[PDB]
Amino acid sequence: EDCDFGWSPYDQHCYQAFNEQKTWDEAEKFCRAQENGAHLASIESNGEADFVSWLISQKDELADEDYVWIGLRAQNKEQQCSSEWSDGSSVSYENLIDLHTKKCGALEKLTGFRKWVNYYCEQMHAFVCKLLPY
């Protein structure tokens, strides 16, 4: 218990927003290396959504960031998640060769860092860690 220096308490968890810009995977790895093993933040209520938005808004160094990673991650292995065409046939052939994975979740400046959006996992952005201290 007790949030360490640099971490902010909300309910039973500790949180910190980092302006280090990292891919989704690197950000999750970095959080797991903090304290007793944090993760990218999960958001489980309206009050926690408010809190995380406020926390990002408190970070002066995050002034010009457009996206901030949180811990939403698609588990489907497909690169696009519609497995049937509108005509009812199954998807086999795909031509995704020019595109990049969009299977990571973020908060976005455009909408006040509240609504979740999906974005490109390999892009480097600020992020927020959430810890249950113990």
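Heads up: residue numbers just count along the shown sequence, starting at 1.
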Review point. Which of the two stretches, 109 to 117 or 5 to 13, shows the higher mean Cα temperature factor in the record?
Key: 109 to 117
Check your understanding: Which wins on mean Cα temperature factor, 71 to 79 or 34 to 42?
Key -> 71 to 79
Check your understanding: When you compare the CA B-factors of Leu99, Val52, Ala27, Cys104 as listed in the entry, which one comes out on top?
Key -> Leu99
**Study point:** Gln123, C-alpha B-factor rank within chain (lowest, middle or highest third)
**Key:** lowest
Practice item. Determine, from the deposited record, the chain-internal third of the Cα B-factor for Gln21: lowest, middle or highest. Key: middle
